Every structure is written in structure tokens, then in C-alpha cells.
4 protein chains.
Amino acid sequence: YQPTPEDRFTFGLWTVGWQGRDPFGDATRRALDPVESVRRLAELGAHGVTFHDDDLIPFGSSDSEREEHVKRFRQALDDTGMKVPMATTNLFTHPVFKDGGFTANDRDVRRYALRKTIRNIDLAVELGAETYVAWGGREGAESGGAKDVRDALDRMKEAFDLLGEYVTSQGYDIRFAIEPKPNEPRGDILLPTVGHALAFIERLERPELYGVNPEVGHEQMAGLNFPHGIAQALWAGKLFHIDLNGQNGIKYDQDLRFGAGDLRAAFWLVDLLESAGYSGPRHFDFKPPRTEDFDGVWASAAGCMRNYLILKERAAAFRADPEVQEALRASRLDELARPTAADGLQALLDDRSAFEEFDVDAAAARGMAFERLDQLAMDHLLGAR
Amino acid sequence: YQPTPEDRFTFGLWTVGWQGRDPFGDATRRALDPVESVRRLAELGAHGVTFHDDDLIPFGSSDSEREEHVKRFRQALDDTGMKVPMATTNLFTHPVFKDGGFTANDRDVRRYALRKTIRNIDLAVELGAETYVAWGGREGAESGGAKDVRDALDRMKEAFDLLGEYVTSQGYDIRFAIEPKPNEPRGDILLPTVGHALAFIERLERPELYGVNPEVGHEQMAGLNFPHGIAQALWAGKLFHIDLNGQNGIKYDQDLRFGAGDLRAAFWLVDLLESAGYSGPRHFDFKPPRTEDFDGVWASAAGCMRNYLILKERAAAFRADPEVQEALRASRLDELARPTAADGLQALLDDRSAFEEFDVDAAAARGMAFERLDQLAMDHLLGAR
Amino acid sequence: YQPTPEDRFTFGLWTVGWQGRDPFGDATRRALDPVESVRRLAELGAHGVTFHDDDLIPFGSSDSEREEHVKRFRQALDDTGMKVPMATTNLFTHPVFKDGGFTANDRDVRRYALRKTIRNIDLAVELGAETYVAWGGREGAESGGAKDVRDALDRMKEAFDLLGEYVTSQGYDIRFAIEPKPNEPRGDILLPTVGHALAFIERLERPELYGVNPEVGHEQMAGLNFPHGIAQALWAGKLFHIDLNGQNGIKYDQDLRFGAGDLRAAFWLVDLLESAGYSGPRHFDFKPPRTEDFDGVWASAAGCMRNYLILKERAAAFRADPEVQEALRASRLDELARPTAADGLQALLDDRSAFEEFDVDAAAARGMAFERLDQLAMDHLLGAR
Amino acid sequence: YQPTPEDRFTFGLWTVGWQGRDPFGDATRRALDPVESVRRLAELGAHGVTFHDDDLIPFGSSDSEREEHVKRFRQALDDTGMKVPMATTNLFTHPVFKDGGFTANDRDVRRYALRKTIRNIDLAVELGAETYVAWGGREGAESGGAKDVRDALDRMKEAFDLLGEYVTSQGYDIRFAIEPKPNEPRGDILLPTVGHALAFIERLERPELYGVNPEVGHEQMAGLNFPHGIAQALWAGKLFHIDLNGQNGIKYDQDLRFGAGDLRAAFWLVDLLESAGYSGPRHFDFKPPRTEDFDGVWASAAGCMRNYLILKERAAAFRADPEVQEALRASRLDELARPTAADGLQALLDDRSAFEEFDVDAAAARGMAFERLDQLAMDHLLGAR
Ligand SMILES: O=C[C@H](O)[C@@H](O)[C@H](O)CO
Ligand SMILES: O=C[C@H](O)[C@@H](O)[C@H](O)CO
Ligand SMILES: O=C[C@H](O)[C@@H](O)[C@H](O)CO
Ligand SMILES: O=C[C@H](O)[C@@H](O)[C@H](O)CO
Ligand SMILES: [Mg+2]
Ligand SMILES: [Mg+2]
Ligand SMILES: [Mg+2]
Ligand SMILES: [Mg+2]
Ligand SMILES: [Mg+2]
Ligand SMILES: [Mg+2]
Ligand SMILES: [Mg+2]
Ligand SMILES: [Mg+2]
């Protein structure tokens, strides 16, 4: 179960670089230089890394320091063959973003947020990123009268429209991906789920430039089924990127390593990506727990990759088993794929076998045989066939 | 706080008519005749009622019995002046719908479901309903391999497209409203939230015919902010109807009377509907608890109405208070309503006050004064001004 | 992975006998005769069955019909070698229990509830049950003013004290087990968790007669860690029985087969029971989903058993691996088992190495190596060693 | 609604002193000197303050600096008449406590934790505190194999036993209060709820010295009913202190001002404390949101107090209304307070009216009239009588 760069595994600098500060505790680890993270990830078999502007260039850096930070990063990429497929902006840490970036009540803040983003899109393109993520962590409220949501969505739409006009004007080959989350750090965050982000996109001036970057733990914080949310994004043709991690239910965002948290959900996710032929990066947005030292950091990052490869093997064995293919037919998955009324509305209306002469009792008595199917899936996941 | 028909309060027959059967207990009340519900609601000040096909005409009724059930209902409407603004289909109770209606794996079931719906649309129009609701309570799964979601969404789209072709062909003046719910009775239900339903609509053949019918308790079962979800639907121009009730957090669907559950959320909802000028029915989808007799039923239905009118008064007092209008300006709600960059992209790019010369520290130090605003809202709700 | 009666697997009659009625749907299966369930379970390798009074003898049965129901049951037990290790009372289905049994506001109801229970304790003893379970599903409220909790706990204590006086007076060899649940069917249920039940026991007249019967899905409906709750019950010496099933988070009670739901939690539970030497029945309180026919029922019941045996094998392989034993020492599990200050308070107070000369920085820098340990556990569960 | 010191309102230094650092953002406010907090709270009408050792004396302070910090604090108390009714220890912030204090795997850590606590008990007594709180925020785990819970509870018991031996030996007049929380910052925390803490106490060497300090938001993070949990603690005679705040459901700990979050729950809590004659401090453990400046801090602290006094007035009006007293009798709250069988077991057994001749149907048909009662409570809370 050894990863290789062909597996397309990616990590954010902020993941293995998290120092361990939480709401109740100080850092337990020293800061990592981005150059060291690049080398250590390459050695483990990763394909590439991602960054927020502030992870690479310290907030308030002069143009000089900015250039120095970039050249050193670029050298590490050349030395290792590591790529940078995605980048994003930090519109959450600095106190000026306390009420949001794109939807802050103060207009001056809103203009500042757009300028900070634009500057990072230029860098992203230079580094060859294909996707630019937006996670609006501060866009939201703790109280009802603090934010008029209709006005807030108008401001959010205005922000994304301007960003689309910018990339178009520049002739850049980059697409945007909105990353939803239901709460934390704000009491409620705008565009809380995959569904809300999808619906919003459809009201932008050039919808083709925007998709979603869903995260396992985010949808789970609302108690939702992650693989179902992913299938809806695929169905809409909007899965531009994905963030993998673990979460144990509805509580604070834990960001466990991928595989931890809801293991069966992880199995069904892998099945789906591999089946649908998803060809983007397999990105890990996680935090090695603050109980660990540096050895523990690298062990947790390696586990992310190892769990995906184990699940891949098991899902493929499941789909290739003749006994499973038979079970799928027993549960009528084949019939779910056929059109309900390719014959058309008139034909359906005239068809007595669809109503007047439909035997409801006989249909009702047919078992779906879902429990035998699910046990085959359990046996495969556990390697107990 | 006396309701009148001009308040547009409506109730489903299945609400005050719920007999009290739950997963662990038998009925505690006898069945109510729809004619009696119509008269008792009219006396309390309701404007109208709604129904599922099966609430009015017992499943498996001959055409004769069907006609008799309708004429008796129609007489009660004429006697009382009660209207029927919405109707829906029961695609959940009968065992044949155990794996869904529109997205059942069995194709024959799927065709049956469409025929049962069509028959009810005709009735709805005859009764003068303006909105037809679809709640797909059985569309979903308990296990991962039982339903291919991509195929399921193709079948769901096919169903709604055929329904749109039908109403168009007939020349009917009716629109559809999809009612989301995250779980219960299925382990996970497809189109779980307001957001997922909005996104789906945009992929139908004639999106203009479809909106949402959100329910307070449904979004709360995912831990989401109901007033925020409503504002997104209004922003999209898709709030065709609304279901009011109460829910105490993330647990089974309680369907308490409106006002019970999350009271502050109810306050912010009323504020929003009244402010935005929502002109549809104020519909109550609730269940008088099984602890009550008939007197308790009517007391609970009356409380639904009374709580909405109390909240209306308080929200209006809040918005009309000079001290609140001042607080809104103090928290920059006025600035949230102004365009970020009406000057355009070039202008923004050239503006040094937006970045190069933006004083981030001064901006950061400005308090938002949200806590004083929220206490004014608390004082108003409690009548403690 | 074939079960045998020596594995101590037990099932309630109400499990494989659930007809499939839910809050939104009619039954999908016909009723099963208890005699048939006994034979079919024996064939699958079960050790025994359990019952509520009403599962075996229909409510309102004459003494004659009662005797007939018992003798037929007893014959099936003799024919198969099946045992009955636990029984309970139905104080939830009948409308008279709408506000509770032991804590109903009406005193007459409360006296009725005690009499119905006593009659079943006699039957239980005759059948050789060792444990009598109490699940107070209707003890609770939907509204704040409906129940004074202090008074309700006085009534609950009075009920259990009388039951203890009864068994003592009769000379019966039976112990009681309280089964907690946080909600459903009541808005809130009294004694919501394992912790609340443990605390209550300590205020009864003869605490030695009472323990807990925790259920996987029940603690998960509060988002709690099931294996941690079990360890506290074991620590107190109160784990008299256990109910196994599956649940996907905080939502309605799903009662999935054991192994489904939170698989890692199931792994850690098995580890704990086997390690601690729990010697009671492994009881399954679950419901085959309403999508299944009879073949699906028996497949789901067999899966319960199969998953426990797979998990048992994996947990035992984990604990026996030399590499894991080393990892446990690396994470200082050995030191967690040693007394903090066997030297005593004075010694601790005088020890400079415990404070004045304690090197906090050196201690802080020591990694706990928990992530490597957890990956060994993942590898073992998945059979990927 | 003006508070006075006779209202017994108290605040932790860490509340109004929270700088606004969260998992995703830097501080938005400067640090407050404890002396300034004391004066500003006194001016608002507070009765007193509480502290963790580290809030008053910076970690690693020399004995000299320690004395200076104390004398300055003591002067502010004398100048204002403010009292200090409770104190606690910080066993969570410093990296050395990354795996816990009392239940850290490393034995040396465990001994350090006890010494740090003891030193603070001495200070607490000198300042005249009556209650010493223990919140074990780091006692727990993110993974199953990292902590053996049975061993962890043995270590927790050992810690509290030593603390009880210490206060006894010293002749101190102080009692301990354990403050439960279900998660955050650890994936799962030991003693997660009020129930688990109550059960644990009963296994300590001198149970009379220990009670609970429950917090509104903590029980709500498990979806539990706070007023019900409080009634159980009162029933056991263990409510030594209480922490008031607000929380909007199952998510991260928000620590909103009291009154915000679940308003009806706040109403029922006030009713209960006032009815039961709770005479301890009304302590606020909350955080003014990071969106606020100093003016916003003091406005939020004042709102805590104002909401309690409004709720007090409304609950008292509710209980004093003749119409409510009648409703309580209609719902049989009077009968819930009478013994079920003061006549004894024999009498109950011989009573035919309790079973043989009990009319179950007549009893079942009696409505509980809970909905009318709950609407009277709503009308009172809203001042709409
Ligand atoms: O909740 C935080 C997000 O997951 C963050 O990692 C985004 O991906 C980056 O802005
Ligand atoms: O969860 C059930 C729904 O709320 C139901 O009332 C729909 O509105 C009608 O099909
Ligand atoms: O939630 C219902 C319970 O789990 C039930 O099965 C009890 O065990 C029997 O009274
Ligand atoms: O969750 C944190 C606690 O509520 C904290 O305030 C304790 O009261 C103090 O140790
Ligand atoms: Mg996250
Ligand atoms: Mg992310
Ligand atoms: Mg509902
Ligand atoms: Mg509804
Ligand atoms: Mg259950
Ligand atoms: Mg059970
Ligand atoms: Mg807290
Ligand atoms: Mg606290």
C-alpha cells in the first residue's frame, strides 16, 4: 500500500504545519518551514501541496520579503518534482476579517478582501495552480439582526462576479471552487452545505467558472451523508476538487486523518470517486492531533494515504466480485438505471399496467434484499470474504 | 391577538387529524372527519386547509366513493368560505413505496407513482389550489450500495420533467414546490436541505415552474439556521410556500406547534417574512401531542396562530423603534446594502485606499456593536422596553 | 465465523418480529409466531431469546389464553435448547401509558403500571430469566410545565424500591437493569444516559439489586462515546446486560444490525467486552429494515452475529501483536495503570520532583505516539497487517 | 431590571477578559487587568468574581510576583466590596497538559497536576472562596487505544480522594464541584454529563465533600434538557454551583450571553432555581463575541444580568397566576406529588382497583391538557397576558 505521485495525493501547508493551538491551549509544536514540509511530503509519496497566501508569505511582508519567500518555495518544488494544483486566500485570521471578507458590513473591508484575493490569484497562476478555492469562514453571524442575508448574498455574488471578470480579462486558465461549512468559527456560516453552494453558483454571471470543493467533516457537522452530497455535485458536473479528512459526528471540526471518523462513509466515498472516474487531486485537509511530536505528524500524514489505498483495493474487490454483481441485480440496481418512461407522457397516460391494472400488493411484497448486499459490502471492507 | 381569514393561516387535514400513532405506541384519539376539521378550523379563524390525496379519499376507493368524498368536502368549503391553496400526494404510507416513489429501484413502482400524482393534480386544480407540494419521504436509503445517487437523481429529474410537461399541456395554472427533509423515515433522504432542492431545480427542463416549500423543523434536524435558509430561497425568488412548526434541536421530527421549539428563531423568521412582503399562505404542518384529547387539539391549533400574531407585533415594534434604527446604523447594516464596487473592476484595481494605503489596524479596532443590537431585539421580543 | 450457543448471542422477539410500521408507513411484513422465531433463531446459532409481556401474551388475554401462550412457548424452548436470560415489561404501547408508567401524573396509572410489572416478574422467574430490564420510554415530557422532575424522580424511586421489596420478599434470584435513552418517543426521557441511570441507582433502598442495560444507539443519539460509557459501568460493577445494534449519528433511533453504523466504535466495544471478561448475554435489539422480506430478516439477524465474531478475531489479533504491545508501552498505557501517589499525600507534598524541580518543558515535548497506535488498530481491523 | 449585589451575580475573570482568539483567528481585543474588571463589574451591579490560578498569576511567576499580583487584587476587592465565592485551576492551557492533568498517561504529569491544584486551594481559602471547581477539559481522547477508561477512572478517583484528604487535614471549609462537558477540546471528555459526574462522586472516599457545577451550554452540546439535569442534581442534593450562558444546539461551545441560545430553556431554568430556593451564586461563564470592542463587552455582561431578572419576573408571574394554578390541577401536577403506594406493597397487591378492576380505557381517554398549560407559559414569558 505504497503511494506514488501517480496517486495524486496532495496536502495543505497548514495541515502538517499546524502548531496545535486550540480554543483552550497553546501550541505544542514549533513552526515548520514550508521548504521542509515540501521535502518530507515528497519522501512519503505525495504528488503536491497547496497554500493560503499567508501560509507562504507572512502577513504584512514587503515586496522584497515576498519575492524571497516565493523563490525559496519554487526551488523546493524543482528539487522534488512536487506540484501546486490549488491555492486559496486567508480571509479569516486577521482581526480586520472579524465580520467577514466578502460580506463584512464595512464596505472598506469588502474592497480590501477583493484586493487581497486578486493578488493571490496572480501568484497561483504563476505556480501553475488549476483551481482556486474560496472558504468564507467569517461570512455569517452569531445573532439575527447583525446580518441581512439577502443583502449579504448580493455582496457575495458581487465579489465572485468581479473575480470571474478578472480571470477572464487576464486570459487565465483557472476555475474557482467554493468550499461550504455549516458553522465554526461563526455561529452560522453563509452557504452552509454543498447544496447551498451549488444553488448559489447558478445565479453568478458566468456559472461555468465555478464549482464546489466539499470536505468530509464539513457535511458531517450537519449530520449529512457525504457520499450522497458528492454524487449530487458529480451529477451537476461541479466536483472541481475535494478535501479528505475524518470527523466523529456533530461537534466541533476535528480534522482527523482520512479513514478515522466514519469508516464506512470513507469506503462508500472511495467507491464513488473511483467508479465515477474523478481525476482531480485527492487533497487532505487534516490536523495531526496536538498530542503528537514531529514523528507523529509524519505518521498521521502517511496514514491518510495508506487508508485511501486500502479502501480503493476493497471497493474494487467488491465491485469485481461475481456474487456482488448478482446481488446488485437481485436488488434491482440495474432497473434504477433505466428510464422510467422513455415511451413518453402520452404512452404512460394510456398504459393500464401503470395504474388501472397495476398489482400493488404483489409489488409491495417483493423484498429489496438490501441487507444481504450490505453484508457483502461489510465482508469486503473487512477482508472477510 | 385574534386571527382572521385575512391573516392567511392554513392547516393540513393530517395535522389536527393525527391520531397519535408513533413508532412505539397505538393511537390515542379517534379519526376526525375532514368535514368536521373544516368547520372547527373556520371557527378558530383559519383561512384554508390542505390535503394529501389519501387524507381525503381512502386508498383504494372506487370512482363512486371518490366522488362522494369530494362532494361532501366541497359542501363544507362552501358553507364556511374556507379555501384550499395547496395539495400534495401521499407517496409514503403504502408498503409499495417502501423504497421510494419517483426513485424506487423497481421501474413499475416509479410509473405507478407518476400516475397517482397526475390524478391528484387534476383534483387540486378543480379545488382551486395554486401550489402542488412534493415531499419525497421514501426517496433515499439505509445502506450505501442500495441506491446509486446519480441514477436516482436522473430518475427524480425525469419524474419532475414529466409533471411539468403534463401541467403545460393541460394549460393549468399551478406551480410545484419541493419540500426537503434530511432523514426520517429513510436513513438519509435525497435533496436533504433547502440548498440541495434549489440546486436541483436549476437542472429541470422548465425551472420557472418549481420552487421550495421549506419546513421549520426539517432544516433544524440538520442543525441549520432556518431564517438564513429562507432568505436564500427569497433571494432566488423561489419561496412558493412555507411550513411552520417547532422542533427542539437535532433528533426525531417533533412537529410541535409554531412558537414552541426555538423561540428566537421563530421571531427572526416572522421579521423576515413580514419585511420581505411574503404573500403566500402561513401553513402549519404540526401534530398536537398524543397526550391531548380533542380540547387539547383545538387549543394547540389556536396557539399556532396566536404565536405568529404575537411575534408579528414584536418584530414590527422592533423595526419601528428609533433606537433600533440608530443601532442598525451603528452596526453598519446600511453599508451592507451598498454595492462593494459599483465603480467597477478597473477602478477597484487602481484604488490605493483599497489596499496599498488601507489602514487595517484602524478598521480592525472598530467594534460591530452587535451585542447591544441583539439585546434591543431581546427586550422587544419580551415586551421589556 | 459460525456462531454457536456457547457465544451467548440472544435476540428479542420484537426484533426479527418487527412488522415494519414507522411514523409514516404501514406494516410491510406479516406477524411472526413466537414459536417460529424460536426455531429459526436456534437454526442460526443463537443461544436464547427475550420478551416483553405483550410480545408473548396479547394485551387483555384471559388467564386461559395466557396459559396456552406460555405452554406453546415453553415447548419450543424444550425442542430447541433455547434459553430466556432476560425479560421486560411493555409500559409504552397502550394509550393508558401516554404520560408514562411509573411517573404518569395520574396516580391510578402509576399503581396499574406496578401491578403489570409484578405479574411479569413472576413469569420471568418461571422461565428462568436472570435479569429483568426496565426501559421507561414514556417517562418524560414535551413541555416544561407538564412534569415536575423532582417529584417524578421521587415517584421513580418509589416504584423501584417496591419492586426490590417484592423480589426480596419472594426470595427470587433476579436483578434489575435500567435501560437509558435520551429521547423518542417523548421530547425528553428521564434518566437519559448511562451516567444518569448509574447516579439514580445509588439513591435506591437496596442498590445491589440494580445495574444498567445500555444500548449502542441510545448513547449515540446524544453523540456520546459508547465504549467510554460501558467502561464507566464496568468500573462501577454495574454492567448487568447489554443491547447491541447500529446507529448513524444524532437522529431518530435507527436500530440497524450490529456492525452497521459506527464500525470503529463497534471494534472498540468488542475489544473492551472481551478484555474485561464480560460474561453476560450478547443481546441484539435491532430492526431488519422495512425494505426486507423474510429472507432479508434472517440475513440481517445472521449478520449481527457474524460482525461480532469478525470484530472479536480482529481485536484479539490487535492485542496479541508484539508490535502493538510495544506501541502501548511507547504511548505509556503501562504508566496509566500505576498509582499516581501510592507514597501518600505527605510524600507527594514533600516531593520537589513533583513541582519545584519538575521540568515542565521536557515533559511537554514528549509526543504521545497515539497516531501510530491508532493506525496499527486500523490495519488490524481491516486485515491489512 | 437593575441588578444589585443581593442578586448574587458573579463572573469569571476569563469571561469579560477573553481577547477573542479562536481556532481560526487572532485576538481582537487587548488584555484586561483583573483590577479593571473588578471595578467595571462592581459598577454594573455584580456581587463577585471567580478565577483560575493562571488568570490572576501568570504561569511561571516567582513567589515575589505572585505576592504582588495577590495584594493588588485584594485591594480592588476591598475598594469595591466584591467577593470571590469560587476559584478553580487551569489544567488545560499549557502544553504539558496535552494528554490531561489528573489522567495524563505520564505519571510525572499527574503528580504535577495535583501539586498545582493544592497550591491554588490554599489561595482560594485565603480569599474566602466557598467552592472549588474542577473542569477536566483535557481528560479524554481522540482515539480508542490511547486511554484505558477503567484505569483513567481509577486515576481520577485517586486525585479527588487525595484532594479530600488534603482539605480535611487542613481543616478547610471548602467543597468541590465537578464541571462536566461532553467534548471540546478533546474528541471525547471523561465524565461527559451531569449524570456521569453524579455517579462518579458516589465512589469517592468522602462523597459529602463533592457536588456538580453544571453549565447550560455543556449539556446542550449533547442535546440534553438542561432544566431536567439540574432537577436531578437538586434531587440528589448536589447542586453546589451553576454556570449560566447560551448555546444554539449541538456544535462547538459558543458561550453566548445568558438568555441567548435556547430562550424557553432559560425560562424553565429560572423557574426551577427560584422555586427550589437555590441560594448559591448565579455565575456567568460566557464570551462577548470577538466582533465587539470594550463597549460591547460591558453591554454583553449587563445583558446576562438583565435577562435573568426579566425571566425571574415572568416565571414568578406565571406561578402566581390563579389561571395557571388551575391549569396545573387540570394536568394533575398535584397528583404527581402524592405517593404512589403509601399503603405499602401488600395493600397494593390486594387492591383490585389497581389491576383486576382497573378501567384502562377510561383512564386512557383522559387528556393531559398540557398544550393549554404550555400556551399559558408562552403568554407569560412574552408578557402577552
Ligand atoms: O474549515 C476550514 C477549511 O477546511 C479550510 O481548510 C479551507 O480549506 C481553506 O481556506
Ligand atoms: O415530514 C413530513 C412532511 O412535512 C409532510 O407533512 C409533507 O409536508 C407532506 O407530504
Ligand atoms: O428504545 C426501545 C428499547 O431499546 C427497547 O427495546 C427496550 O429494550 C425494551 O423495553
Ligand atoms: O469549557 C470550559 C469551562 O466551562 C471552564 O469555564 C471551566 O468553568 C473553568 O475551568
Ligand atoms: Mg475543517
Ligand atoms: Mg477544508
Ligand atoms: Mg415534519
Ligand atoms: Mg411538512
Ligand atoms: Mg433503540
Ligand atoms: Mg433496547
Ligand atoms: Mg463552555
Ligand atoms: Mg464553565
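Please treat every number below as a calculation from the coordinates, not as lab data. Note that we place each Cβ from the backbone using ideal geometry, even for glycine, and neighbour counts take in every protein chain shown.
May I ask you to report, in nm to one decimal and beginning with the shortest, the distances from residue B:36 to the same position in the other copies, taking label points 7 Å along Cα-to-Cβ?
Shortest to longest, the spacings are 3.7, 6.9, 7.8 nm.
Amide H of residue B:136 versus every other amide H placed in the peptide plane: which residues, excluding those fewer than 5 positions away on the same chain, fall under 5 Å?
The answer is B:179.
Roughly what % antiparallel, to the nearest 5, for the DSSP beta bridges in the protein assembly as shown?
15
Say a site is exposed when it is one of the GluC sites (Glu not before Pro), sits in a DSSP loop, and has at most 15 other Cβ atoms within 10 Å; what is then the longest site-free stretch of chain D?
Maximal segment without exposed cleavage sites: D:1-204.
Averaged over its residues, how many other protein chain Cβ atoms are within 10 Å of peptide D:195-207's Cβ atoms?
Average per residue, whole number: 5.
Once a ≥ b ≥ c are taken as the square roots of the eigenvalues of the Cα gyration tensor of the protein assembly as shown, is the result rounded (a/c under 1.5), prolate (a/b larger than b/c) or oblate (a/b not larger than b/c)?
rounded
Find the centroid of the Cα atoms in segment C:65-87 and in segment C:299-314, then give the distance between the two in whole Å.
That distance is 26 Å.
Compute the helix-to-body angle for C:226-236: its Cα long axis versus the longest principal axis of chain C, expressed 0 to 90° and rounded to tens.
90
Given points 7 Å out from each Cα along the Cα-Cβ axis, report the residue A:61 to residue C:19 separation in nanometres with one decimal.
Between residue A:61 and residue C:19, the label points sit 7.1 nm apart.
Based on DSSP H runs of at least 4 residues, each adding -39500 (n - 2.57), what is the mean residue ellipticity at 222 nm of chain A after dividing by all its residues, to the nearest 500 deg cm²/dmol?
Roughly -14500 deg cm²/dmol at 222 nm, from the helical runs in chain A.
Could you give each residue of segment D:237-251 its phi-based ³J(HN,Hα) in whole Hz, using Karplus coefficients 6.51, -1.76, 1.60 with θ = phi - 60°, and x for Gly or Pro?
x, 10, 8, 8, 6, 8, 10, 9, 6, x, 7, 9, x, 8, 5
Based on the Cβ-Cβ distance from residue C:39 to residue D:293, what FRET efficiency comes out when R0 is 51 Å, to the nearest 0.05?
0.10
I need to check one value: relative contact order of chain D, counting alpha carbon pairs closer than 8 Å and at least 6 residues apart, in percent.
14
What does DSSP give for chain B in terms of the percent of beta bridges that are antiparallel, rounded to the nearest 5?
Bridges in chain B that DSSP calls antiparallel: roughly 15 percent.
With chain C rotated onto chain D, spot the residue of C whose Cβ lies nearest the axis and note the distance in whole Å.
Rotation axis C onto D, closest Cβ, rounded to whole Å: C:195, 2.
Show me, for segment D:5-11, the HN-Hα J-couplings you get by feeding each phi into the Karplus relation (A = 6.51, B = -1.76, C = 1.60, θ = phi - 60°), rounded to Hz, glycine and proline as x.
Ordered by residue, 3J(HN,Hα) equals x, 5, 6, 6, 7, 10, 9 Hz.
Go ahead and set up a Gaussian network model of chain B, Cα springs under 10 Å, then flag whichever of B:98, B:83, B:181 fluctuates most.
Highest fluctuation among the options: B:98.
When chain C is treated as a GNM, springs tying every alpha-carbon pair under 10 Å, which of C:168, C:103, C:193 comes out with the largest mean-square fluctuation?
It is C:168.
Please report, for residue C:172, the nm distances (one decimal) from its label point, 7 Å out from Cα along the beta-carbon direction, to the equivalent points in the remaining copies, shortest first.
Label-point distances to the other copies, shortest first: 4.9, 6.1, 7.6 nm.
If amide hydrogens are placed 1.01 Å from N in the peptide plane, which non-local residues have theirs closer than 5 Å to the one on residue A:188?
Close amide H contacts, sequence-distant or interchain: A:141.
For residue A:115, project a label point 7 Å along Cα to C-beta. Then give me every residue of segment A:53-68 with its amide nitrogen under 15 Å of that point.
A:60-63
Would you please give the residues with an amide H less than 5 Å from that of residue C:211, counting only those at least 5 places away or on a separate chain, with H modeled from the backbone geometry?
Amide H neighbours of residue C:211: C:176, C:177, C:178.
What are the nm distances, shortest first, from residue C:274 to its equivalents in the other copies, labels at 7 Å along Cα→Cβ?
With the label placed 7 Å along Cα→Cβ, residue C:274 yields 2.6, 5.7, 6.3 nm.
Using alpha carbons only, how many degrees (0 to 90, rounded to 10) separate the axis of helix D:370-382 from the longest principal axis of chain D?
40
What are the ³J(HN,Hα) values, in whole Hz, obtained from phi via the Karplus relation 6.51 cos²θ - 1.76 cosθ + 1.60 with θ = phi - 60°, for each residue of segment C:191-197 in sequence order, with x given for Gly and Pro?
Rounded to whole hertz, the list is 6, x, 10, 3, x, 4, 5.
Pick from C:331, C:64, C:275: which is most flexible by mean-square fluctuation in a GNM of chain C where alpha carbon atoms under 10 Å apart are linked?
Greatest mean-square fluctuation among the candidates belongs to C:64.
Taking the Cα centre of each part, how many Å lie between segment D:118-166 and segment B:24-62?
59
To the nearest 0.05, what FRET efficiency results for residue A:208 and residue C:70 with a Förster distance of 56 Å applied to their C-beta separation?
0.20
Please label the shape of segment C:273-358 as rounded, prolate or oblate, based on the square roots a ≥ b ≥ c of the eigenvalues of the alpha-carbon gyration tensor (a/c under 1.5 means rounded; beyond that, a/b larger than b/c means prolate, else oblate).
Judged from the Cα gyration tensor, segment C:273-358 comes out prolate (a/c at least 1.5, a/b above b/c).
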